[PDB]
Each structure stands twice: as structure tokens, then as C-alpha cells.
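Down below is the structure, laid out as C-alpha cells.
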Amino acid sequence: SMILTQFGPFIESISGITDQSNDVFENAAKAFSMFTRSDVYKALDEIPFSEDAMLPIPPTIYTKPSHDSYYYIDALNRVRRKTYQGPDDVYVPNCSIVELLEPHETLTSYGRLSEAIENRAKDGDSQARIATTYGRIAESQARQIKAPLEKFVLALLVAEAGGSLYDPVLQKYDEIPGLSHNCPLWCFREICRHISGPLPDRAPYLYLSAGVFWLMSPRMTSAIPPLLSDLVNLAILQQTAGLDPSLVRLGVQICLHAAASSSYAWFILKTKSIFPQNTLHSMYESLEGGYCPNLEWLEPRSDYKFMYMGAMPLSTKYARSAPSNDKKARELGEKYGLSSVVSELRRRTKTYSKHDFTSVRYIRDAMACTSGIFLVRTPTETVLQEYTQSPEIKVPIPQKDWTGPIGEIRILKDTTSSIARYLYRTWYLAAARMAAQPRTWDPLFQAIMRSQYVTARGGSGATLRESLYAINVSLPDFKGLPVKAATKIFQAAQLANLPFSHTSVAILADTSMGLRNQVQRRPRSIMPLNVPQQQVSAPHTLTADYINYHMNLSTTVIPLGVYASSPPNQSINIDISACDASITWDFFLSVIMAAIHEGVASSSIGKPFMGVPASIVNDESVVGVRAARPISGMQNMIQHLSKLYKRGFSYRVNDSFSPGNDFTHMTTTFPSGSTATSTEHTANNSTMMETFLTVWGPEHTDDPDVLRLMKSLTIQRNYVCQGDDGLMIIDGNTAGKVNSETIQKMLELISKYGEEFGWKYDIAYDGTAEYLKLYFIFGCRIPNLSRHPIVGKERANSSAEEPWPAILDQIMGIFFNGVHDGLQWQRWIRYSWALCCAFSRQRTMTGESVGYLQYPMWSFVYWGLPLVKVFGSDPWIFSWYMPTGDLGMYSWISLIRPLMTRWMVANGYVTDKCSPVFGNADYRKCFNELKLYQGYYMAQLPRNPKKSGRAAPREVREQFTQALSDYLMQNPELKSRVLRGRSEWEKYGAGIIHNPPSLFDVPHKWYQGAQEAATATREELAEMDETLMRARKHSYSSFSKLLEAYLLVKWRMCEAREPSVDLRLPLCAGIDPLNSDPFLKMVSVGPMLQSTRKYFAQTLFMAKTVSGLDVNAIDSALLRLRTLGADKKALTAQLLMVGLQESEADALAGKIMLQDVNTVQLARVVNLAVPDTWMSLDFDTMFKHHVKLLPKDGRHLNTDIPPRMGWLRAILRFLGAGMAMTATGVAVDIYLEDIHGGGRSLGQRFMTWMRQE
Amino acid sequence: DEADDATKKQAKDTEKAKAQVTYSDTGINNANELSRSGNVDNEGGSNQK
Amino acid sequence: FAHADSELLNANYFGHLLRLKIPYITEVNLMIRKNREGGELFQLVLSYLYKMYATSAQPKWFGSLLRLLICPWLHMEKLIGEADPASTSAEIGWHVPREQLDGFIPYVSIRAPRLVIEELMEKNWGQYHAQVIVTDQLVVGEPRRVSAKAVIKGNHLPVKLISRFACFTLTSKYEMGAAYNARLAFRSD
């Protein structure tokens, strides 16, 4: 009622009752900024609840002991925590935050970590350092949320106070239960009330952007800020993902038991798999009916092309013959005292016996309820726990099987009984066939190899420059630059003019750390490498790329698992645990470096690689002879890289969360962020699975069934792997599904294969497929809602976060992750309304002058949030598969344009001047009043702007850019061809675009790419404020040239496309006849069915699509110079500024003058793009067959296009398909009505805009 | 099962995980072979009692 | 000294690693010794298990480490075998300013001629710092010095910052309570 007194018009404005207007938008936004936490906590007291949300809370959360017994000091003064229950108990305790605290100076009830304890810890006291470690890690756990916490639940109450809505297609009220029913708001309300108590201030903590302020209640524990994020996550999902009460109540019970435990994040780790194991891993186990897709492989088994050959029914034979799950899951529930939850989940799972929509929705509802916090620990725990792992090799390579040394490499013998000879054979032949290619000695290929690894995310030369000072080489420091010294670009410009022998001992330096938190996992510790170490590992990446692209070729996502999950085709999921740590010099890296150093010997015998000269090392490879043998370039790089692989890696660890912790220690783990990590892991996974199936399997079996199975399986036909993991497809034979006992015996034989040479296969076999963390059962896609939380964002550093226009940038990503998942749009997109309205006003704090900021609603619709009612239209009228930007804006205003023009004369805005789009009305007095024009151009304004540019002196700036040009370009044929292309382009083609994509942009581009993370403080933020104020105070007179160019054309929709797939088939979780728009659109157009990573690769015209610069911009520049005139030498020179041999550039320019471009590629002249919401759906057949020109009424003479400038057909394809997809309901065949100007006038206006881009 | 036990003993005597010289699962169909057991007596009946 | 270099690789060992190999047959040297642990056959089997356990890395011969230990000091004995110990000796280590119940811990000792030490004095020894922990268990040695502990924090000391020309000791102990946060400095006569 109290909320209703101020939000009367707005709650009904977004619920489809009245239309959305700028007036209630701005009044509501005034209200959205005007709040207090007491004003939010009147609300949750105000709403009465129906007791189905009520359940007991144990009292052991609020009383938790002191934290002094949990931490101790190592013998090297390392602060590490004491483990009580297993070595995985290394996380944040849940206890006693009120005592190490000092109150704020004007917020007398909120407080902060004490300054005295910080000073005594900077002295070096024991207990002070322990206390500040616990305090800072509690702050870092409490920080991991996007916006402040109450703002989300406020937007929840504003959106969801409207009650149940009216579905326009289904013509009924939805039975999403009201806000008075849900468990998590009740638990949130009661925990906040009991934590406040007698205090007048009611919030448990306050979120400033740097760190949080607490509340001085003696019953406060540190488990509360992740718990409230989980509880508001379950409350925000239940309203809009169509949950039941019961699974939400079970998830809330598990969160309460998580707070009751001795450590919150540790329990969330150890119970991360109760919900999949009882429902998804144990599904149906006896069935009688359903429908499943009948996919069929297209015979070349490297191309990954598919065919949907219809639906097919099910029978009793296709019941789950996977082994049991009862004893292990009951033990897992029994060990932690969660037996009621696992018994309830199993009782409800055993009911279902028919594969249809409701069972898949139940699986999605059970997967959605796992906790969505980010697990966090101090970085010293990460480094001292996960890096101490090391592989055990039960059958090593015997010491007789190696020859003597060649330099510091021994060769594996030919007469070797070990299994490593197949790895040696594979990597030998791969190295020889790599080095025999004439592609590898292309200087453009060398230049793109050097351009590959010097990325902006490059760090840790932080002891390299000290070690290079320790070997007495003179490095320029470039004093006077606004670069930071840590970037890899600055480091490569240091190492530009130095011989390889001087930087040879630069290889054995260390590396610092980079931390990334993950959903329900241990925190990922990414790590860089320095410049000579990433240079010297070039055969190690080239040979693995040749494996993954030419020899074994597993794969460089969804329809693969839709095939592999189809019920006659079982699948085995293969995960390799600790796959970085389990490759060392003991087995792998020894035989890898031996095979590469031996395989590259022939075809590169004397010639050197980039920068690295030839050398000589002596050999003793035959026992009788000893000599010195000349060494080529790539062999020499293997010689230098082998020292580093033998020694192991030291890591320079510095955390900000605990003072006094500073250490290095050696490790043998493979580095995560190298230039050859994922390709190397795929290559080794593929090679070991191959030599498994072809040798080691048949050597250790007696069963003809298992032997007959392993003869038919091969990695070329039945095994797909990415990174470390993958699945293995088992085809269904003639008699049905393959017998599960033989598959079980082969599985327990794969585990014995792994325990020989170091690996530890994590193998799950349950009749489902996991692949790149996407879970598919019976050919049905299931989104993991718990993987994408709405509330939390990953923060690793303790540095303060971004300014205002980025927290509003992230929410379009929130809405799009809602789009990719299956949500009831009736309350989800209305929640997106209330939230994005709530984030719109800011209250800047500039000196003595009061200024306010607000984006209009039309900006939010320009970014991709489709409207509910426009100007007297039907409620719930638009779809969220609309394009973002001008194409979208055009389409949904064109769907309503007559009714919108007729609404213009309601409250009459009448003008004599008759326009072809509007006629009776004027649009200025309407649209500049409603800030549609201002919101259109204000959405067009760039977010997160910054420019430091701290007065670079010209001499040392020029020396930095010249050294960067010298490092990127060594070979002067590249310089000659790019100066030749520049000169010919300024001769012929310059003038029409005045903006070239050139290679000399890249030294400048990397120069400012160093200062893309300078985060200067005040002046450009105030400059952003001034630009937004002047762009608000303006009054435009029209749209842009693109949209006014679009407004001339018209279309017409009818005759309602035939269905692509069956309607009864469950294809995706969360779309069904209950979710009318996305499921109905899915059945209309059909799903993707293509690999869609080779489709976009076929689109781009570049010979390998590798430049280091924006290949979309090169293809756009070539097409824009094609369509406007511009004699062929302009295109030759434009290609030569990217750099070619002057001949293939000329040939490709003469080609691109003439051939017909594909439809999707011609977006580049007009800067369109397919939205990512259309990636799940098919589009290509809709473009080729369901948006066509030359309508059913015949010619209209505003339908003809000349044979010259026929690209307008392909852009009108995008136009009609956007007009199809913006409408709710099915996709509809649309033909081309009048365009009012002709192809002449449309081509002239398009060329007129393409004069100035 | 006696051929199975001999195959396992051959595997333990060659100290592999699988006996290379195997006595069971051969190509010869030998579904009529019978080694003596305690089921049948000397007269020709069963030994349930 | 240890065995089977993966004993130094599995356990994260900081410091240099020198895989070495004796010029003699080890396996007959196993079974000659008397009163060792268990039977000598068991010692030889256990030695084979260490050798199977280790790696495939080509070690070295043992000669380089002893050449490094012994042979530089003979050139210094030929060079400065007749000058004075006061002006040709040096000493470096950690140094804490205040005085409670001056503090100095030996870190490395240096022999060098006069010009080399008078070049060594003005180098920037004040860059590196650590934490220094002094306990109160004095031991059998004659001067008043007590055992302590020191844990280096920043970067490590490079050998170019000693010299190419001076001759220093490689390995030493830390002998001089709470933490002190000391910084190291040079001292000589």
C-alpha cells in the first residue's frame, strides 16, 4: 500500500495496462533515486505472507565463536589458515566481525576495520596481522555483488506488485504465484529483522564502492553478505523462472545449513552437486513414451554438419541403463546431515516417466536452485594449496629407453617397450610436416605470430628487468611516458633492438599472479609469461596447432551434444582433473621436446627462425661416437626452452588482502595463460585417447564384447574434446543401445589407463552429455541458471570499481543472459523495466552546483529492451528477438507507424506538411518533447570514456613507437609493401573515407592500449558529465541518416510459415507452450543446426582472418569502397596497407569488384550486425527463402532495383527479417511493398551517407 | 571357470595385467567340453544329497 | 644433498638445483659398507627404486660443483695471500637500527684486494630488505652470538652486485626477541 501510494501509475504502466510514457518514467526515476534502507524495510514488513513461505531457522547462525583459533603463522611468516575438516577446508570462516571494528564518523551505527589494528599489523604483530587478514578477506567476500543489494529487491517489489498478468496469445492469466508466497523474501526479511533488533538502523551492511560498512550488532557473522545474495537470487529467480515452492524451499534450507556450518563457501563447494545428481544424473530410469530429435551425421567427419530428420517416438527399450546412483548420493546427503533433501529429491524424481515439457522444466527448476555465490579465499591459500599438487606415474619410462644427451635433450629409443613411443611418433611427424610447409616461413605469418602474444593483458616483467640488469645489459626505461611499466607492449619495446644471446638468460625469470573467481569452483589463477619466454615457445604452439587442424582434429557447441544425447546414442563424459599440474618433464614435456627437436631437423637445417640464430651443441647420441653437430633455429629454441621446462616455475606472489605475505616458491605446474595451453591440452588428450583405443585397450582385455567395442571406436569418428575435457560419442547399433556392462568395463579400464602415466580421469556415465559446461539430456538443451547469477560480479583486486555508466552497461548483459536462458517473459521483461528504470539517475556531486542525470526510456529501447505498449497499442506486443540499434528501432516503429500517427492527433500535433512516413502529424513537437531524439542520440553516446594523455614528450614517445614498430616488423618487405599501399591509397582511393585500416595504426593502437587502463580520476569524468548535459539540453530535428533512409520502405506480412520442427518435441528447457513467444518463435524458425563458428569464418574475406586489427573493418572498408565507385587500385592499396605481395592483393581486388557477396556479409556497408539473440535460432533459411522481394501483387515500380548496385536487395533482406522477428507470434512470410523513392533514390541516399561514415 | 583360473594364473606368472598366452576366449568354439566336478557321482546321478 | 631429483621437485624446493653424478660405480659401493640399515641387498633394491623414481633428465658430472667450491679460492690465495686481513676482508649482512635487549647477522663473507673492496663500499646495498627474527638460544660457539632467523621478502641478491673479481662464501648460517624489519649493509676495515 505504502509503495502503491508513490508507484500508482508506474506499476500499472509496465504491466501493460496503460502505455509507457516519458512522464511516469521520469517521476518514477525521481522516486527510484529517493530512498533510504528504512524506506525499503518498511516494504518487506508491509507485505503479509501466506505461511507456505514459513519454515524454521536454526539459532546457530547468529552465535558464532571467535576467529583466533582458525589462523596461524608458517615458519616463513606466511599467514595461512588452520584446516579442521580436510585440506579443502581453506576458505573464509563465518564468525565474529563485531569486535575488530571502529565506527564511522557520521554513520554512528555503521563501522569499519580498525585503523589501530592496521597500524599494528604494518608493524608486524602476530594477532594484528591475523585480524587484518580476516577483516580484509571478509570485506572481499562481502564485496562480490554488482549493485547495492536492496536496489534489486526494490525493483523486484516495484515490478512484481502488479499481480498476475494476461498472456495475449494463450488468452489467460498466468498462475505464477504472488509475491506473498515465496520463501526467500520471508527468510531475507526475518534475518534482517533479527540482525537489526533494537537498533533504529535496519540494514545489515552498507556497500560503498571501495569496501563495505558493517553494523555493530553483537550477533553479526560474516556468512550474512553471501547468504543475502543467495536469498535475493532465489527470490528473483522464483518470480521469473516459474519455480515451484518446494525446490526453492529446499535450496533455502541448504543455504541455511550452509550458514550453520563452520565455513560457508566450503559447504557450498562440497554440496555443489546434490541438485544435479538426484535429478539430472538419475532421470526417468523407467519410461514409456516421449519424443526425441532424430539427428543424423553428415559423412565427412571433420566438418561437423548436421541434419534434423524429424522427430521419433520412444519405447521401454530406451530406459536409463546407466548404473545406480542411490548409495553414493545417499551417503553424500548423510555425511553432512542433508538426508531429508536428498530423499525428497529422489522421491519426486522417481515419479516422472514421460519425456515431455514438464519433466524438462522440473530438471531446469532443480538445476536453478544451487547457490550462486563466488567462492573466494586469500591468494596465499590458492598458491599454497593448488600448486603443491604433482602427478604420480606408476609406470614411468624406463631408464634404458633414453639415449645420451644432445645438448640437454635425450632421445627416446626406437626399441622402447613403453607407451610413450606413440606420442613420440605423433609429435615427430607433426613437427616434420609443420616445418615442411612454406606457410611457416611467410614473414606475414611470423609477424602475426609476434602480434599474437603481445596483448594488452600482459604483465610480470617485474623481475625480468631486474634480472636483465643483473646480467649487465642496458635497457631504456623511457622516462616520461603515461604507460605503465607492467604492460607487455612496453616490455617488447624494451626488448626490440637486442640480440637473442643477451636475452637468452631472460627465460629463467619468474611471473606474478592473476586471480579470477568462478561460480562454485576454486578460484582460477591465470598467469602471464614474459616476452622471450613466449617467443621461444613457438614450435610448441605450431606443432600443436598442426595436430588440432590437420592430423587428429577433434575440434578447434550445442548441436554436438544434442546428437550425442539422443537416446540410442549414449555418451561418456571424460574430464581430466588437475590437467595443468599433471603434465611435467617426467613423461610428457620430455618426450614432447625430444620429438619436436628431432622432427624439425630436416626441412629447416641451417636457416634461422625470427630473431633466434643458429648454434651448435655437442651430442652423444650413439654410444661409440662423440661430436659437435650444427643446430638450426627452431632446434635452438627447443634447447633454450628445455632448461626452463626442466627447472620448473617460480611465482612471485603479492596479495593485498593480507599484509606481510610475500613469497616465491618453485612449482612444476604448466602455466595457464601461455601462448600454447589449450591447443596443447587438446593435442595431448586426442593423442592419448587414440593410442589408448588402438594399443592399450586390446592388450589388456579378454572379453570379445569389450574388444569388439574398442575396435570400432576411434578419435576421428567418435571423440570430441576441448581444452582438457571432452565427451565420447557411442553410436547406436542395429539392435538398439549398446550393452552397458561392457561400456562400464571399458570405463573402469580407462581409469586404470590414467593412473599409469599421471592423469586422473573424472568420468561420469549417466545417460547425459556435458560439454563446455552445457548439460543436455535426450537431445534437449538445459540452461544452468545457477551458472549465471544476477546479483554477483567477479572482483579479484581490492581496487575501487568503475564509475556510473558501466554499472548500467552490465544490465543489458543481465537481460541478454536472461534471453539466452528460459524465463517467463511476462514478469522477467517487466523486472528488466523496473531495474533499468531504477538504475537511471545518479546525483553527481560537483562543487556548489546541483546537477542531475537521467537516460530516457528510448535509450534503453535503443539498446535492446522492447516495449510493452506504444501510444495506444495492444498490450504485450513486441518480442525481444528484436535487433539492437537502428534496425530494431526501425522495425518496431514500422509495425505501429499508422496507429502511432493516429495517436499523434490524440492530443493533436497537427501540421500542413505531409511527409511520406507521417503525413498529418509533425514529429518534432512530439518527439523532442518526449526526449525520443535526445534519448536516441544519448544512447549513441559512448559509455566509459577516459583519456589521460599525460603530456608525452615527442622524442621519447617517437622512440617508443619506433621501437614497437621495429619489434612488430622486423622484415623490411612488410615496410615496403605498406608504404607502397599507403602511397597508392592516398593517390587513388583517399578522399571518400579518409580513414584507412593500416598496419601502422597498430604501433599507435598499442601505445594507447597501454593507457586504456590508466583510470585517471576527475577531469574526464566531469567532461563526460558536460557532454551528457549538452547532449541533453539540445533539441534535434530528425533521426540519423540511416533511420530516415530506412523509413521510406514498406512491407507486408501474411501466410504464416510452416513449422520447422515438431511442436510436441522438448528441444530446450524453459521454452514450452507456457512460454508463448520464445517457444513459438523457435518452432517457427527452427534451431541453428550449424556449427556457426565456421559460418562466420567463411564470411570474412581475409586469407586467414589474422591481422592483429579488426578484420571486420578491413572487410567493411573493401565493401564500402566497392559499392561507391573507387577504381580497383584503391582496393589493391587498401589490402597492401594490411600487407600482401602486391599480386594477391590485386587479384583479390579484381575479384571483390565483381563477385556476389553473401547476404550476412553485406551488413558491413551499413554497419548492421546479427544480434546474439538470434544465435540459437536459424536465420540462414529465413534470409534465403522467407524474406523475398517482388511481392505477390506483382510489380509496383517502387520494387525495382537496377542490375548495378544490387546490394540493396541484401540489406532489404535484413530489413524484412528484422520486421519478421520483432513481431510476437510465429515468423511470417513478408513481401516487399512500396519504397516511395525508388531504388534510384535509395541508392543515392545510401551513397550520400556513405560519403561520410 | 577352470580355463579362466588358468588364464589368470598365466597372467600372474608373466606379470602382466593380461596373459598374452591365453587359455580362454579363444577362436575355437569348445561349448561341449567338460571337466569333472562334484555334481555327478560314480553311478551317474546328482549330488544334492 | 638428497636423492632422486623429483624429491626436490615434488616438494617445492627454493634454490638452485644441480643434478649431479659421481664418476664411480655406485651399485657395488652399496654392498661393501657394513652396519648400514637392514641388509645390504635391501639398500641396493631401495637405491634402484630411487633411481626408477627420479626423472629422465641428463644430470651432469659432479666436477662442476667442487670446481666452483675449491678452485676460485686458490687464485685468491695466490693473489692476496700476503696482504692484510683487515683491509682485504669484508662482511655483509642484516642490520637493525635500535637497541633493546648494534645488531648484525652475517650473510656472506668476502675476500678481495683493496681496490675491489673500495669499489664494493659505494654500491647501493640499501635496496633489499627482509624480516629478521632473533631468538635467545645461544650455542657452544665462543663469542657472544645467538641463533636467529631471517626471511627475505623483496627480490634476491644478484651475484653481479657482489662481483666478478671478489671471492665470496656460498652458504652460511644466521647467528646474531621479535621481528625487527632490518635492512642489510656493508662493513669492512
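Residue numbers (the entry's author numbering), protein chains in the order written: chain R, 3 to 558, 567 to 1263; chain 5, 100 to 148; chain U, 527 to 627, 637 to 711, 722 to 734. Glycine included, each C-beta is placed from N, C-alpha and C at the ideal position.
Query, Result
"Straight-line CA distance for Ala438 (chain R) to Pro618 (chain R)?", "14 Å"
"Report yes or no: is there a C-beta of chain U within less than 8 Å of the C-beta of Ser392 (chain R)?", "yes"
"Of all Cβ atoms in chain 5, is any one closer than 8 Å to the Cβ of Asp715 (chain R)?", "no"
"Could you check whether the Cβ of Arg526 (chain R) sits closer than 7 Å to any heavy atom belonging to the ligand FMN?", "As for the ligand FMN, it is missing from this structure, which has no ligand bound."
"Would you list the residues sitting across from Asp1239 (chain R) in a DSSP beta bridge?", "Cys1064 (chain R)"
"Tell whether a beta-carbon distance below 8 Å holds between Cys790 (chain R) and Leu1077 (chain R).", "yes"
"Less than 8 Å between the beta carbons of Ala422 (chain R) and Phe597 (chain R), yes or no?", "yes"
"Ordered along the chain, which non-local residues of its own chain (more than five positions away) have a Cβ less than 7 Å from that of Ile821 (chain R)?", "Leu845, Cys846 and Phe849"
"Could you pull out every unbroken alpha helix (DSSP H) segment of at least 4 residues lying fully inside the region 460-534 of chain R, listed in chain order?", "466-471 and 490-496"
"Drop a sphere of 10 angstroms on the beta-carbon of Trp587 (chain U), count the other beta-carbons inside from all chains shown, and report buried for 16 or more, exposed for fewer.", "exposed"
"Do you know how far the Cα of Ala540 (chain R) is from the Cα of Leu446 (chain R)?", "15 Å"
"Could you list which residues in chain 5 have their beta carbon closer than 9 Å to that of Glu709 (chain R), in chain order?", "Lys115, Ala116, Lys117 and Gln119"
"Considering only the alpha carbon of each residue, which of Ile584 (chain R), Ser666 (chain R) and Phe786 (chain R) lies closest to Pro577 (chain R)?", "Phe786 (chain R)"
"Along the chain, where does the alpha helix (DSSP H) containing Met451 (chain R) start, and where does it finish?", "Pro445 to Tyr455"
"Rounded to the nearest angstrom, how far is the Cβ of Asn499 (chain R) from that of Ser696 (chain R), given a contact under 8 Å?", "Not really, about 41 Å apart at Cβ, beyond 8 Å."
"Quick one: is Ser600 (chain R) near chain U, going by C-beta distance under 8 Å?", "yes"
"Would you check if the distance between the CB atom of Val1148 (chain R) and the CB atom of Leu1009 (chain R) is smaller than 8 Å?", "yes"
"Taking all protein chains shown into account, decide if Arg1174 (chain R) is buried (16 or more other Cβ within 10 angstroms of its Cβ) or exposed.", "buried"
"Where do the N-terminal and C-terminal ends of the beta strand (DSSP E) with residue 561 (chain R) fall, by residue?", "Looking at chain R, the numbering goes 558 and then 567, which leaves residue 561 (chain R) without any coordinates in this model."
"Looking at the strands, I want to know which residues DSSP matches up with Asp772 (chain R).", "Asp585 (chain R)"
"Whole alpha helix (DSSP H) runs in the region 134-216 of chain R with 4 or more residues, listed along the chain?", "151-162 and 185-198"
"Are the Cβ atoms of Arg82 (chain R) and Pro669 (chain R) separated by less than 8 Å?", "no"
"DSSP three-state call for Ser901 (chain R): helix, strand or coil?", "helix"
"Considering only residues of the same chain and omitting the five flanking positions on each side of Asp735 (chain R), which have a CB-CB separation below 7 Å?", "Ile584, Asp585 and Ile586"
"Nearest by alpha-carbon distance to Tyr943 (chain R): which of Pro1083 (chain R), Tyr872 (chain R), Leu989 (chain R) and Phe767 (chain R) is it?", "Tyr872 (chain R)"
"Return no unless some Cβ of chain R is closer than 8 Å to the Cβ of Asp124 (chain 5).", "yes"
"From the DSSP secondary-structure annotation, give me the bridge partner or partners of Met738 (chain R).", "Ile582 (chain R) and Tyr729 (chain R)"
"Going by other Cβ atoms of all chains shown within 10 Å of its Cβ, with 16 needed for buried, is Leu1207 (chain R) buried or exposed?", "exposed"
"Determine, for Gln401 (chain R), whether the minimum Cβ-Cβ distance to residues of chain U falls below 8 Å.", "yes"
"Where DSSP assigns a beta bridge to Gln666 (chain U), which residues make up the other side?", "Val686 (chain U)"
"Would you kindly work out how many angstroms separate the C-alpha atoms of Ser707 (chain U) and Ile640 (chain U), rounded to a whole number?", "11 Å"
"I'd like the span of the alpha helix (DSSP H) that includes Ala1220 (chain R), first residue to last.", "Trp1217 to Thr1232"
"Is the number of C-beta pairs between the region 1018-1027 of chain R and the region 480-500 of chain R that are closer than 8 Å three or more?", "yes"
"Below 7 Å on C-beta distance, what does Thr581 (chain U) contact in chain R?", "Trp595 and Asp596"
"Determine the burial state of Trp599 (chain U): buried for a count of at least 16 other Cβ atoms within 10 Å of its Cβ, exposed for fewer.", "exposed"
"Taking Cβ-Cβ distances shorter than 9 Å, what residues in chain R pair up with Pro693 (chain U)?", "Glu468, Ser469, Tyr471, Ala472 and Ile473"
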